[PDB]
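Accompanying notes for the structure given below.
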Amino acid sequence: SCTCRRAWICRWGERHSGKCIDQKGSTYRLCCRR
């Protein structure tokens, strides 16, 4: 929930917390970078 991205993976050890309102999360789960 800190990096609106669309991919099966994320930056690195990111934590999911929901998507944002810019690209519309059609399915790709967002990811947060602590």
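Ligands are numbered from 1 in the order shown, chains are lettered A, B, ... in the order of the structure tokens, and residues start at 1 in each chain.
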Using only C-alpha atoms, which protein or nucleic acid residues come within 7 Å of segment 15-27 of chain A? Drop anything in the same chain fewer than 3 positions from it, and give the result as an mmCIF file with N, CA, C and O atoms, in the first residue's frame.
data_model
loop_
_atom_site.group_PDB
_atom_site.id
_atom_site.type_symbol
_atom_site.label_atom_id
_atom_site.label_comp_id
_atom_site.auth_asym_id
_atom_site.auth_seq_id
_atom_site.Cartn_x
_atom_site.Cartn_y
_atom_site.Cartn_z
ATOM 1 N N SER A 1 0.828 -1.201 0.000
ATOM 2 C CA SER A 1 0.000 0.000 0.000
ATOM 3 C C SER A 1 0.866 1.256 0.000
ATOM 4 O O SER A 1 0.424 2.329 0.410
ATOM 5 N N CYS A 4 2.135 1.662 -5.694
ATOM 6 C CA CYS A 4 1.168 1.240 -6.699
ATOM 7 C C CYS A 4 1.871 0.637 -7.912
ATOM 8 O O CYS A 4 2.335 1.358 -8.795
ATOM 9 N N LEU A 30 -1.162 -4.676 -4.628
ATOM 10 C CA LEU A 30 -0.151 -3.652 -4.387
ATOM 11 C C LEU A 30 0.930 -4.165 -3.443
ATOM 12 O O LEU A 30 0.974 -5.352 -3.118
ATOM 13 N N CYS A 31 1.801 -3.262 -3.003
ATOM 14 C CA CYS A 31 2.881 -3.622 -2.092
ATOM 15 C C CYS A 31 3.479 -2.379 -1.439
ATOM 16 O O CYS A 31 3.620 -1.336 -2.078
ATOM 17 N N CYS A 32 3.830 -2.498 -0.163
ATOM 18 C CA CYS A 32 4.412 -1.386 0.577
ATOM 19 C C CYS A 32 5.877 -1.658 0.904
ATOM 20 O O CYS A 32 6.259 -2.790 1.200
ATOM 21 N N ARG A 33 6.695 -0.611 0.848
ATOM 22 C CA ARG A 33 8.118 -0.736 1.136
ATOM 23 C C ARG A 33 8.461 -0.087 2.474
ATOM 24 O O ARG A 33 8.650 1.127 2.556
#
* To do: Determine, counting only C-alpha atoms, which protein, DNA and RNA residues have an atom within 9 Å of an atom of residue 34 of chain A; residues of the same chain fewer than 3 positions away are not included. Present the result as a PyMOL selection string.
  => chain A and resi 2+13-15
